[PDB]
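Student: Structure below; questions to follow.
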Amino acid sequence: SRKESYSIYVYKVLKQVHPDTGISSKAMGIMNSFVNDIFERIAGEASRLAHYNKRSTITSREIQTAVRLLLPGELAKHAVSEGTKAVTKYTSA
Amino acid sequence: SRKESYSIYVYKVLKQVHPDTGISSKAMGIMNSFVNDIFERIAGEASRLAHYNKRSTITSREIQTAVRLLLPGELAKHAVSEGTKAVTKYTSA
Amino acid sequence: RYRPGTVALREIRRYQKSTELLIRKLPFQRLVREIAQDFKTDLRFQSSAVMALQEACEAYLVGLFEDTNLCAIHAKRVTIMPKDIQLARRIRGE
Amino acid sequence: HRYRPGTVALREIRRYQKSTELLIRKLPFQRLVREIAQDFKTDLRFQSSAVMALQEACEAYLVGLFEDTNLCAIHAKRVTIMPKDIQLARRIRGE
Amino acid sequence: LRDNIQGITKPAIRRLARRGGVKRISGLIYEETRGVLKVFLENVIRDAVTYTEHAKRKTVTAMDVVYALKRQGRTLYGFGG
Amino acid sequence: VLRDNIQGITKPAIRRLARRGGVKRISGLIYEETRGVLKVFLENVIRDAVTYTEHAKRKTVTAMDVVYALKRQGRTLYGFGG
Amino acid sequence: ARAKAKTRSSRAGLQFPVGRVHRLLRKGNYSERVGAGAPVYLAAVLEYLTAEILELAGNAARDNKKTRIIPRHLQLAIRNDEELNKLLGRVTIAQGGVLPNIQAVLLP
Amino acid sequence: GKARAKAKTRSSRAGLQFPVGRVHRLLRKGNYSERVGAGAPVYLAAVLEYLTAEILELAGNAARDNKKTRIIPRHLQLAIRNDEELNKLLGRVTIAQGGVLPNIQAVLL
Amino acid sequence: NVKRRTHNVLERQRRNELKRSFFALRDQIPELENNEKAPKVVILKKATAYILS
Amino acid sequence: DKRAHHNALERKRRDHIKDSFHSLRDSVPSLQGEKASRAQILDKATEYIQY
DNA sequence: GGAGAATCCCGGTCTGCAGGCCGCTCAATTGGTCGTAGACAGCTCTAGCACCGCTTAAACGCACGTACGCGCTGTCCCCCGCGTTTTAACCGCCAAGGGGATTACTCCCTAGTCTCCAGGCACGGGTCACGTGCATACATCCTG
DNA sequence: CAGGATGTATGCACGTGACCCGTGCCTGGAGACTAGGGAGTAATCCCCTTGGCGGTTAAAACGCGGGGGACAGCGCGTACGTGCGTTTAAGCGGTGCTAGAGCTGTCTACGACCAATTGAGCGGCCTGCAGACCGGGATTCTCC
């Protein structure tokens, strides 16, 4: 029996963001559900965008558009920058 | 160059509900918007119900449950009765 | 001359019975295009797209004015005021 | 000595907004959930976590309602909340 | 199990109003509040039991509550999901 | 260049909107307030309709892009598509 | 079960197209597999709701001495019916207008 | 951007902590589309990680302000409701055991 | 506008009366007994023929 | 253009109909030489066929 | 300015939970083939835009009066703070068993393929309903 | 009271837009068949929930006094409503030009799919630390 969660990555990100600071299991559960919800929103909107067009594939364009739609104000700009940077580094060399 | 619509079935139902009453083109466009919205609601909710239960298959049980969840009051009980009758009749031969 | 507020009731009935759009079309086209230009330049609009925007935005303002009325009545007034709009939007979450 | 009417109300507001506790007693809330469940399917078992989730949701919902209700009272130039305020809050909210 | 809505005492309503920032509570608020709460609970529990019944379980799990609240536009974080 | 067309939302137009909504008397400041509200609402719908248009690499905003923006905000619209 | 003309709609007794509803359930990726009775049940539901609205819209049309359904009638049919108003309460209807209602405090 | 570090794991190859593999698996099994492009999970993992970093930064600030070393749900709620963009992103969300901001209105004082 | 509306509805009822007259004439002619959809020109011409016969 | 042609076809239809009415009027003795409405021509044709 | 109660700071105590380590299974990664979705070039034609003149309804500016909104006052009732008494939640503990979780096995229904035909679509033709303007007949007011 | 000028009510002829019917054509749906996987069933185990017990306690209920607030009435002055004449821009019909949407046809680059190899990370365990809790005192807010 097994169950998979994002808690290990939440912990790593916290260790980078505030290196001396811990996180209680309840906060971990909330962060885990936050990751689940945001994933579901972006994937749902990317699906809706793919299906609004006559397109079978979810690509980084569907996701960039979905992030511009879903996130408010500055948060969209920074998230779009992060996504673009990651795909750039990943496809580079 | 073609695109499909529910207008013909809307009109047949109209004639069976009221023996003599016509419908305008704008009202017919509204009815098509309605049919597509209700379909998307039920089909989407049925997706949830299958996914939550680790099932790959949308069955009558999922649609029935989606109807109970989506429709209020009397509409639920009667929609379920109508759907059950249609499936039983369809299955009888 | 009629008692003040009488012609308002006549108007309420007239406009609730009718279905045509209340805001003039050419001004709303200019408004929509002016707003759109802030997001992207050189956009064309489908003739029906602006009609969808009128239908939705005008129906939204009708709905907001209806709630705006309730706030004034709760405060024991007849006259609606900016506080009513702000309360309605605050409770709605706009 | 006696604190003036409203002083202790402000002290309570400070206290409870500083806290994060559940404000309804758990056991009678659980009995309420079970009473309501007897309408929908006789003889269910409830996970303890499901009762906690229900209670947290209800308390969060009612606190939100009371914030909106306080606005309705204040807009009416009144300190005291009344059913008119709750009904207006819900009607504007669309319930 | 009957009359358990009385388990929601006036102080519980008053404390919830204190978190709501309320200074004074008229006496009709308590009855109105209980009516509003009971409606909310009935809706949430009916949906949770619907998920339970579809899954052929006899046990309501926290996930049923979460999936009920999601459909109301009220996403809840903390109990899984 | 289109500028200041929000003034085209006239006092009579706002008055008719309110009367249809059941309003009997209208304060002189409601016109200033309602224009602001309408501008906010239009911005939020048009931003998304443009975003759909831009995603699709189109230059013409369609009625379907508007309907999708409205469906997305929970203010679904019938008669312009579905 | 008396009727048995061979279209799946006709076998079910429905006016709505079962084959089309089956395509639409397979598309959109609602799930990996779709049961044979799924589009039948769903078509029956869509037809029932369609008939309910058309019934009330015809009643509204007769109340206005009209022989034809127009958007105004659809709006009235929905907004004067609690179940449909809850189902479609978010929905704006093109050229539908609004209910004829005035608050009592505004009247003499 | 930053120079490539050689690695097997797609996260390490993308410069991310979040798991590109698990995000890809969830996109494929979740029925979101018939097909999922190779760059899609990389973009999505970067977005999820960024948002996670924002919340944890604000929450750690709130924890320090409360003179405590571990983030707890109260700090998450404080972090959300004091930031306008996060409060717009999470406006409908209820956070278990978060409480509320200390809202006392001036007319009461 | 009430005057214009009144003239229009009166003429509309006159059109309904004329339709009753056409349908009465149509139903009188056995060749058109089942042909309820018969157009005005056909009713007139076939009525003329039937009358002469 | 095609719209104006359809209007022309409809005009021609009504012209043929007025000719048909004139023929029918002349066919019923109760209206021969008389001035009458289309409703009267139809009603007298009806009651004359009955008679 | 004084007496009193609520809140905070400080030190000391114990505990449950957080955090790190080990072995391990299962999901992630690698390398290649295969078929398809999508990118791209090219062409046709509709829908959108710009501009004009003309007729007309809707908005604008102005003057005028009073229903209403606001503030002030007096009154009476209702809710809070408090003390005393009563009630049930909470906590810790135990026991019984039902029902959630898991595996192993079998059968039935759904996905996919190929063939063929029927229902629905786009289009054109004919009929119909409706609104507008002209000619005719009927009723009211003015003159003597 | 009779006749003319005017207003009112009626019937007839015309143009515009919409609806209903019929024809030919193609895509889409159904029928027959197959192979494969998913879901249904039985058997099993353990976890969690249900129920009950005892004692302690905070928290609930109640009554009372009292103060502060909710409510109705009154008068003043303004901002708004309501009506007119002038000005403005909308709405309509018409003409022409062109951007882009929409479609077809060709081809390559991409992800699905598979088998084989491997490590990140999951589950359980041990260990120590930040948190909650208490007692004691001083500082700050509240009521006179």
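The chains in the structure tokens are called A, B, ... from first to last as shown; in each chain the residues are counted from 1, and the ligands are counted from 1 in the order shown.
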Mind checking which residues fall within 12 Å of residue J:49, counting only C-alpha atoms (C1' of nucleotides), ignoring those fewer than 6 positions away in the same chain, and posting them as a list in words?
Tutor: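 The filter keeps residues 24, 25, 26, 27, 28, 29, 30, 47, 48, 49, 50, 51, 52 and 53 of chain I; 27, 28, 29, 30, 41, 42 and 43 of chain J.
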Student: Would you kindly return, as a list in words, each protein, DNA or RNA residue with an atom no farther than 6 Å from any atom of residue E:51, considering only C-alpha atoms (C1' of nucleotides) and excluding same-chain residues fewer than 3 positions away?
Tutor: residues 48, 54 and 64 of chain E
Student: Kindly save the residues from that selection, with C-alpha atoms included, as a short mmCIF file (atom, residue, chain, number, x, y, z; two decimals), in the first residue's frame.
Tutor:
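New file out27.cif:
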data_model
loop_
_atom_site.label_atom_id
_atom_site.label_comp_id
_atom_site.auth_asym_id
_atom_site.auth_seq_id
_atom_site.Cartn_x
_atom_site.Cartn_y
_atom_site.Cartn_z
CA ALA E 48 -21.63 13.68 0.71
CA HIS E 54 -22.59 5.87 -5.52
CA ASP E 64 -17.09 12.99 0.25
#
Student: What residues in chain C lie within 7 Å of chain F, counting only C-alpha atoms, written as number ranges by chain?
Tutor: C: 5, 8-9, 11-12, 15-16, 22-23, 27, 30-31, 34-36, 39, 43-46, 48-49, 52-53, 61-63, 65-66, 69, 78-82
Student: Would you save the residues from that selection as a PDB file, in the first residue's frame, using C-alpha atoms?
Tutor:
ATOM      1  CA  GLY C   5     -41.928  59.590  -8.795  1.00  0.00           C
ATOM      2  CA  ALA C   8     -40.602  56.672 -12.742  1.00  0.00           C
ATOM      3  CA  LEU C   9     -43.108  53.858 -12.126  1.00  0.00           C
ATOM      4  CA  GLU C  11     -40.812  53.932 -16.925  1.00  0.00           C
ATOM      5  CA  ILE C  12     -40.008  50.909 -14.739  1.00  0.00           C
ATOM      6  CA  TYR C  15     -38.429  48.997 -19.632  1.00  0.00           C
ATOM      7  CA  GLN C  16     -39.122  45.747 -17.772  1.00  0.00           C
ATOM      8  CA  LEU C  22     -30.808  50.320 -23.566  1.00  0.00           C
ATOM      9  CA  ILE C  23     -27.262  51.580 -24.267  1.00  0.00           C
ATOM     10  CA  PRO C  27     -20.956  54.472 -28.242  1.00  0.00           C
ATOM     11  CA  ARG C  30     -16.299  52.775 -29.190  1.00  0.00           C
ATOM     12  CA  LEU C  31     -16.125  51.886 -25.469  1.00  0.00           C
ATOM     13  CA  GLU C  34     -11.185  51.622 -26.407  1.00  0.00           C
ATOM     14  CA  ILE C  35     -10.934  49.084 -23.569  1.00  0.00           C
ATOM     15  CA  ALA C  36      -9.676  46.313 -25.877  1.00  0.00           C
ATOM     16  CA  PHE C  39      -4.875  44.847 -23.934  1.00  0.00           C
ATOM     17  CA  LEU C  43      -8.090  43.921 -32.860  1.00  0.00           C
ATOM     18  CA  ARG C  44     -11.114  43.395 -35.063  1.00  0.00           C
ATOM     19  CA  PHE C  45     -14.402  42.536 -33.350  1.00  0.00           C
ATOM     20  CA  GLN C  46     -17.087  40.291 -34.779  1.00  0.00           C
ATOM     21  CA  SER C  48     -21.991  39.705 -32.844  1.00  0.00           C
ATOM     22  CA  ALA C  49     -19.140  39.837 -30.295  1.00  0.00           C
ATOM     23  CA  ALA C  52     -22.695  39.592 -26.706  1.00  0.00           C
ATOM     24  CA  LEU C  53     -20.782  42.167 -24.646  1.00  0.00           C
ATOM     25  CA  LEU C  61     -25.676  46.239 -14.591  1.00  0.00           C
ATOM     26  CA  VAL C  62     -29.429  45.570 -14.461  1.00  0.00           C
ATOM     27  CA  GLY C  63     -28.711  42.857 -11.905  1.00  0.00           C
ATOM     28  CA  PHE C  65     -28.980  47.909  -9.876  1.00  0.00           C
ATOM     29  CA  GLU C  66     -31.553  45.435  -8.555  1.00  0.00           C
ATOM     30  CA  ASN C  69     -32.182  48.903  -4.719  1.00  0.00           C
ATOM     31  CA  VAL C  78     -36.009  55.050  -1.535  1.00  0.00           C
ATOM     32  CA  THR C  79     -33.061  56.840  -3.195  1.00  0.00           C
ATOM     33  CA  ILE C  80     -30.075  54.666  -4.182  1.00  0.00           C
ATOM     34  CA  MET C  81     -26.599  56.009  -3.369  1.00  0.00           C
ATOM     35  CA  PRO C  82     -22.955  54.977  -3.947  1.00  0.00           C
TER      36      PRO C  82
END
Student: Could you please tell me, as number ranges by chain, which residues of chain K have an atom within 10 Å of chain A when using only C-alpha atoms (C1' of nucleotides)?
Tutor: K: 17-19, 37-38, 101-102
Student: Taking N, CA and C atoms (P, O5', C5', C4', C3', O3' and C1' of nucleotides) for each residue, export the selection above as an mmCIF file, in the first residue's frame.
Tutor:
data_model
loop_
_atom_site.group_PDB
_atom_site.id
_atom_site.type_symbol
_atom_site.label_atom_id
_atom_site.label_comp_id
_atom_site.auth_asym_id
_atom_site.auth_seq_id
_atom_site.Cartn_x
_atom_site.Cartn_y
_atom_site.Cartn_z
ATOM 1 P P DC K 17 1.061 14.375 18.430
ATOM 2 O "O5'" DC K 17 2.144 15.115 17.520
ATOM 3 C "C5'" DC K 17 2.294 16.525 17.621
ATOM 4 C "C4'" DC K 17 3.529 17.001 16.876
ATOM 5 C "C3'" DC K 17 3.644 16.525 15.430
ATOM 6 O "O3'" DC K 17 3.893 17.649 14.586
ATOM 7 C "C1'" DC K 17 5.625 15.954 16.666
ATOM 8 P P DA K 18 4.235 17.472 13.025
ATOM 9 O "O5'" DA K 18 5.820 17.711 12.962
ATOM 10 C "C5'" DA K 18 6.354 18.918 13.496
ATOM 11 C "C4'" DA K 18 7.880 18.962 13.453
ATOM 12 C "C3'" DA K 18 8.527 18.941 12.082
ATOM 13 O "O3'" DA K 18 9.703 19.739 12.161
ATOM 14 C "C1'" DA K 18 9.254 17.053 13.309
ATOM 15 P P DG K 19 10.382 20.387 10.860
ATOM 16 O "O5'" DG K 19 11.529 19.335 10.500
ATOM 17 C "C5'" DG K 19 12.644 19.231 11.371
ATOM 18 C "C4'" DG K 19 13.380 17.907 11.224
ATOM 19 C "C3'" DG K 19 13.896 17.573 9.824
ATOM 20 O "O3'" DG K 19 15.305 17.765 9.828
ATOM 21 C "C1'" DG K 19 13.104 15.655 11.024
ATOM 22 P P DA K 37 -4.605 12.362 -35.882
ATOM 23 O "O5'" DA K 37 -3.732 13.588 -35.356
ATOM 24 C "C5'" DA K 37 -3.018 13.441 -34.141
ATOM 25 C "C4'" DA K 37 -2.180 14.665 -33.836
ATOM 26 C "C3'" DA K 37 -2.914 15.982 -33.887
ATOM 27 O "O3'" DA K 37 -2.300 16.857 -32.957
ATOM 28 C "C1'" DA K 37 -1.317 15.886 -35.663
ATOM 29 P P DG K 38 -2.985 18.244 -32.538
ATOM 30 O "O5'" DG K 38 -2.172 19.302 -33.412
ATOM 31 C "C5'" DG K 38 -0.770 19.382 -33.229
ATOM 32 C "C4'" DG K 38 -0.054 19.876 -34.473
ATOM 33 C "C3'" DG K 38 -0.350 21.315 -34.875
ATOM 34 O "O3'" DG K 38 0.731 22.114 -34.418
ATOM 35 C "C1'" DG K 38 -0.046 19.832 -36.749
ATOM 36 P P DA K 101 -11.174 2.374 1.814
ATOM 37 O "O5'" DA K 101 -10.221 1.094 1.718
ATOM 38 C "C5'" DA K 101 -9.277 0.849 2.751
ATOM 39 C "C4'" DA K 101 -8.471 -0.409 2.479
ATOM 40 C "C3'" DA K 101 -7.880 -0.520 1.076
ATOM 41 O "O3'" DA K 101 -6.507 -0.861 1.188
ATOM 42 C "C1'" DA K 101 -9.089 -2.488 1.615
ATOM 43 P P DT K 102 -5.525 -0.773 -0.079
ATOM 44 O "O5'" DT K 102 -5.475 -2.281 -0.613
ATOM 45 C "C5'" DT K 102 -4.838 -3.277 0.177
ATOM 46 C "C4'" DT K 102 -5.165 -4.685 -0.305
ATOM 47 C "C3'" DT K 102 -4.967 -4.948 -1.794
ATOM 48 O "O3'" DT K 102 -3.648 -5.439 -2.015
ATOM 49 C "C1'" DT K 102 -6.826 -6.156 -0.815
#
Student: Counting only C-alpha atoms, which residues of chain G sit at most 6 Å from some atom of chain F, and what is each one's closest atom pair with its distance in Å to one decimal, listed by chain and rising residue number, as CSV?
Tutor:
residue,atom,partner,partner_atom,distance
G:90,CA,F:75,CA,5.5
G:91,CA,F:76,CA,4.8
G:92,CA,F:77,CA,4.8
G:93,CA,F:78,CA,5.1
G:94,CA,F:79,CA,5.5
G:102,CA,F:22,CA,5.6
Student: If we count only C-alpha atoms (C1' of nucleotides), what is near residue F:55 at a cut-off of 9 Å, once residues fewer than 6 positions away on the same chain are taken out, given as a ChimeraX atom specification?
Tutor: /A:49,61-62,64-65
Student: Please report the interatomic distance between atom CA of residue A:72 and atom CA of residue F:68 in Å with one decimal.
Tutor: 17.9 Å
Student: Do you know which residues are at most 9 Å from stretch 80-86 of chain G counting only C-alpha atoms (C1' of nucleotides), after dropping those on the same chain fewer than 6 positions away, and could you put them as a PyMOL selection string?
Tutor: (chain B and resi 71-75) or (chain G and resi 53+56+99)
Student: May I have the selected residues written with N, CA, C and O atoms, as a PDB file, in the first residue's frame?
Tutor:
ATOM      1  N   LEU B  71     -29.373  18.397 -10.966  1.00  0.00           N
ATOM      2  CA  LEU B  71     -30.718  18.947 -11.065  1.00  0.00           C
ATOM      3  C   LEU B  71     -31.346  19.107  -9.680  1.00  0.00           C
ATOM      4  O   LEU B  71     -31.162  18.252  -8.809  1.00  0.00           O
ATOM      5  N   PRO B  72     -32.082  20.199  -9.495  1.00  0.00           N
ATOM      6  CA  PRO B  72     -32.774  20.454  -8.228  1.00  0.00           C
ATOM      7  C   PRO B  72     -34.153  19.810  -8.171  1.00  0.00           C
ATOM      8  O   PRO B  72     -34.821  19.611  -9.188  1.00  0.00           O
ATOM      9  N   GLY B  73     -34.570  19.486  -6.948  1.00  0.00           N
ATOM     10  CA  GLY B  73     -35.974  19.206  -6.672  1.00  0.00           C
ATOM     11  C   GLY B  73     -36.596  18.140  -7.554  1.00  0.00           C
ATOM     12  O   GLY B  73     -36.043  17.052  -7.750  1.00  0.00           O
ATOM     13  N   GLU B  74     -37.792  18.457  -8.063  1.00  0.00           N
ATOM     14  CA  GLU B  74     -38.564  17.519  -8.874  1.00  0.00           C
ATOM     15  C   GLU B  74     -37.848  17.147 -10.166  1.00  0.00           C
ATOM     16  O   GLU B  74     -38.032  16.029 -10.676  1.00  0.00           O
ATOM     17  N   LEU B  75     -37.075  18.076 -10.737  1.00  0.00           N
ATOM     18  CA  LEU B  75     -36.422  17.792 -12.009  1.00  0.00           C
ATOM     19  C   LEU B  75     -35.530  16.570 -11.887  1.00  0.00           C
ATOM     20  O   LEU B  75     -35.456  15.755 -12.809  1.00  0.00           O
TER      21      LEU B  75
ATOM     22  N   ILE G  53     -38.871  22.978 -20.592  1.00  0.00           N
ATOM     23  CA  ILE G  53     -38.746  24.396 -20.913  1.00  0.00           C
ATOM     24  C   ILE G  53     -39.700  24.778 -22.031  1.00  0.00           C
ATOM     25  O   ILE G  53     -40.330  25.839 -21.984  1.00  0.00           O
ATOM     26  N   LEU G  56     -43.316  25.200 -20.679  1.00  0.00           N
ATOM     27  CA  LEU G  56     -43.551  26.463 -19.988  1.00  0.00           C
ATOM     28  C   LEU G  56     -43.446  27.661 -20.930  1.00  0.00           C
ATOM     29  O   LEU G  56     -44.173  28.650 -20.760  1.00  0.00           O
ATOM     30  N   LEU G  99     -38.029  39.993 -15.343  1.00  0.00           N
ATOM     31  CA  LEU G  99     -39.361  39.797 -14.778  1.00  0.00           C
ATOM     32  C   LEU G  99     -40.035  41.140 -14.501  1.00  0.00           C
ATOM     33  O   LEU G  99     -39.386  42.075 -14.017  1.00  0.00           O
TER      34      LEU G  99
END
Student: Using DSSP secondary structure from the backbone, list all alpha helix (DSSP H) positions within stretch 1-56 of chain F, as a ChimeraX atom specification.
Tutor: /F:11-20,30-55
Student: Take the residues that were just selected and, keeping N, CA and C atoms, output them as a short mmCIF file (atom, residue, chain, number, x, y, z; two decimals), in the first residue's frame.
Tutor:
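again_15.cif, freshly written:
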data_model
loop_
_atom_site.label_atom_id
_atom_site.label_comp_id
_atom_site.auth_asym_id
_atom_site.auth_seq_id
_atom_site.Cartn_x
_atom_site.Cartn_y
_atom_site.Cartn_z
N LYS F 11 -26.43 59.70 -18.82
CA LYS F 11 -27.34 59.65 -17.67
C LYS F 11 -28.64 58.93 -18.01
N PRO F 12 -29.32 59.23 -19.12
CA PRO F 12 -30.53 58.45 -19.45
C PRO F 12 -30.30 56.96 -19.61
N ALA F 13 -29.17 56.54 -20.20
CA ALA F 13 -28.93 55.11 -20.35
C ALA F 13 -28.79 54.43 -18.99
N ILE F 14 -28.05 55.04 -18.07
CA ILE F 14 -27.90 54.50 -16.72
C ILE F 14 -29.24 54.53 -15.99
N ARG F 15 -30.01 55.60 -16.19
CA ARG F 15 -31.33 55.70 -15.57
C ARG F 15 -32.26 54.59 -16.06
N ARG F 16 -32.25 54.30 -17.36
CA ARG F 16 -33.05 53.20 -17.89
C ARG F 16 -32.59 51.86 -17.32
N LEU F 17 -31.28 51.64 -17.27
CA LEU F 17 -30.75 50.43 -16.65
C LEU F 17 -31.30 50.26 -15.24
N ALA F 18 -31.23 51.32 -14.44
CA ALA F 18 -31.70 51.27 -13.06
C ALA F 18 -33.21 51.07 -12.98
N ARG F 19 -33.97 51.79 -13.80
CA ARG F 19 -35.43 51.64 -13.82
C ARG F 19 -35.83 50.21 -14.17
N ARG F 20 -35.18 49.62 -15.19
CA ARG F 20 -35.42 48.21 -15.51
C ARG F 20 -35.11 47.32 -14.30
N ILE F 30 -24.50 58.46 -8.86
CA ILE F 30 -24.58 57.08 -9.33
C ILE F 30 -24.01 56.94 -10.73
N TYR F 31 -24.11 58.00 -11.53
CA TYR F 31 -23.60 57.94 -12.90
C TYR F 31 -22.08 57.79 -12.89
N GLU F 32 -21.41 58.60 -12.07
CA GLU F 32 -19.97 58.50 -11.88
C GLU F 32 -19.57 57.12 -11.34
N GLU F 33 -20.34 56.58 -10.39
CA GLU F 33 -20.01 55.29 -9.78
C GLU F 33 -20.21 54.13 -10.77
N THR F 34 -21.33 54.16 -11.49
CA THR F 34 -21.69 53.07 -12.39
C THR F 34 -20.73 52.98 -13.56
N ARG F 35 -20.29 54.12 -14.09
CA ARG F 35 -19.29 54.08 -15.15
C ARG F 35 -18.03 53.35 -14.70
N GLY F 36 -17.56 53.65 -13.48
CA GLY F 36 -16.41 52.92 -12.95
C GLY F 36 -16.65 51.43 -12.87
N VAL F 37 -17.80 51.03 -12.33
CA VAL F 37 -18.12 49.61 -12.20
C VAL F 37 -18.16 48.94 -13.57
N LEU F 38 -18.86 49.56 -14.52
CA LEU F 38 -18.98 49.01 -15.86
C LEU F 38 -17.61 48.86 -16.51
N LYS F 39 -16.73 49.84 -16.32
CA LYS F 39 -15.39 49.77 -16.87
C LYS F 39 -14.63 48.58 -16.30
N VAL F 40 -14.72 48.36 -14.98
CA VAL F 40 -14.07 47.20 -14.36
C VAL F 40 -14.59 45.89 -14.97
N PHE F 41 -15.92 45.77 -15.08
CA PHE F 41 -16.52 44.54 -15.61
C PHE F 41 -16.09 44.29 -17.05
N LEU F 42 -16.19 45.33 -17.89
CA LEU F 42 -15.77 45.22 -19.29
C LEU F 42 -14.30 44.84 -19.40
N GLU F 43 -13.44 45.44 -18.58
CA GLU F 43 -12.03 45.09 -18.62
C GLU F 43 -11.83 43.61 -18.36
N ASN F 44 -12.50 43.07 -17.33
CA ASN F 44 -12.29 41.67 -17.00
C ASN F 44 -12.80 40.73 -18.10
N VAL F 45 -13.91 41.07 -18.76
CA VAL F 45 -14.41 40.19 -19.83
C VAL F 45 -13.54 40.32 -21.09
N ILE F 46 -13.22 41.56 -21.48
CA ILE F 46 -12.48 41.80 -22.71
C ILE F 46 -11.07 41.25 -22.62
N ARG F 47 -10.43 41.36 -21.45
CA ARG F 47 -9.09 40.80 -21.28
C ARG F 47 -9.07 39.31 -21.63
N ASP F 48 -10.07 38.55 -21.17
CA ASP F 48 -10.11 37.12 -21.46
C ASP F 48 -10.48 36.85 -22.91
N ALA F 49 -11.48 37.56 -23.45
CA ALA F 49 -11.84 37.35 -24.85
C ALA F 49 -10.64 37.60 -25.76
N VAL F 50 -9.87 38.64 -25.46
CA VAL F 50 -8.62 38.91 -26.17
C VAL F 50 -7.61 37.79 -25.93
N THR F 51 -7.53 37.27 -24.70
CA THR F 51 -6.59 36.19 -24.41
C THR F 51 -6.91 34.93 -25.21
N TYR F 52 -8.19 34.58 -25.32
CA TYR F 52 -8.59 33.46 -26.17
C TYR F 52 -8.26 33.73 -27.63
N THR F 53 -8.57 34.93 -28.11
CA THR F 53 -8.26 35.31 -29.49
C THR F 53 -6.76 35.19 -29.76
N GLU F 54 -5.95 35.70 -28.83
CA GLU F 54 -4.49 35.69 -28.96
C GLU F 54 -3.93 34.27 -28.88
N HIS F 55 -4.51 33.43 -28.02
CA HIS F 55 -4.08 32.04 -27.97
C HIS F 55 -4.32 31.35 -29.31
#
Student: Residues of chain D that approach chain C to 12 Å or less, counting only C-alpha atoms: could you list each one with the shortest pair of atoms and its distance in Å to one decimal, rows by chain and increasing residue number, as JSON lines?
Tutor:
{"residue": "D:64", "atom": "CA", "partner": "C:91", "partner_atom": "CA", "distance": 10.1}
{"residue": "D:65", "atom": "CA", "partner": "C:91", "partner_atom": "CA", "distance": 9.6}
{"residue": "D:66", "atom": "CA", "partner": "C:91", "partner_atom": "CA", "distance": 11.4}
{"residue": "D:67", "atom": "CA", "partner": "C:91", "partner_atom": "CA", "distance": 9.4}
{"residue": "D:68", "atom": "CA", "partner": "C:91", "partner_atom": "CA", "distance": 6.2}
{"residue": "D:69", "atom": "CA", "partner": "C:91", "partner_atom": "CA", "distance": 9.3}
{"residue": "D:70", "atom": "CA", "partner": "C:91", "partner_atom": "CA", "distance": 10.9}
{"residue": "D:71", "atom": "CA", "partner": "C:87", "partner_atom": "CA", "distance": 7.6}
{"residue": "D:72", "atom": "CA", "partner": "C:87", "partner_atom": "CA", "distance": 7.9}
{"residue": "D:73", "atom": "CA", "partner": "C:75", "partner_atom": "CA", "distance": 8.8}
{"residue": "D:74", "atom": "CA", "partner": "C:75", "partner_atom": "CA", "distance": 9.4}
{"residue": "D:75", "atom": "CA", "partner": "C:75", "partner_atom": "CA", "distance": 6.5}
{"residue": "D:76", "atom": "CA", "partner": "C:75", "partner_atom": "CA", "distance": 4.4}
{"residue": "D:77", "atom": "CA", "partner": "C:75", "partner_atom": "CA", "distance": 7.5}
{"residue": "D:78", "atom": "CA", "partner": "C:75", "partner_atom": "CA", "distance": 9.5}
{"residue": "D:82", "atom": "CA", "partner": "C:74", "partner_atom": "CA", "distance": 11.4}
{"residue": "D:83", "atom": "CA", "partner": "C:74", "partner_atom": "CA", "distance": 11.5}
{"residue": "D:84", "atom": "CA", "partner": "C:74", "partner_atom": "CA", "distance": 7.7}
{"residue": "D:85", "atom": "CA", "partner": "C:74", "partner_atom": "CA", "distance": 8.3}
{"residue": "D:86", "atom": "CA", "partner": "C:74", "partner_atom": "CA", "distance": 11.4}
{"residue": "D:87", "atom": "CA", "partner": "C:74", "partner_atom": "CA", "distance": 10.4}
{"residue": "D:88", "atom": "CA", "partner": "C:70", "partner_atom": "CA", "distance": 7.8}
{"residue": "D:89", "atom": "CA", "partner": "C:91", "partner_atom": "CA", "distance": 6.9}
{"residue": "D:90", "atom": "CA", "partner": "C:91", "partner_atom": "CA", "distance": 8.9}
{"residue": "D:91", "atom": "CA", "partner": "C:67", "partner_atom": "CA", "distance": 8.6}
{"residue": "D:92", "atom": "CA", "partner": "C:67", "partner_atom": "CA", "distance": 6.2}
{"residue": "D:93", "atom": "CA", "partner": "C:92", "partner_atom": "CA", "distance": 5.4}
{"residue": "D:94", "atom": "CA", "partner": "C:92", "partner_atom": "CA", "distance": 8.2}
{"residue": "D:95", "atom": "CA", "partner": "C:92", "partner_atom": "CA", "distance": 11.1}
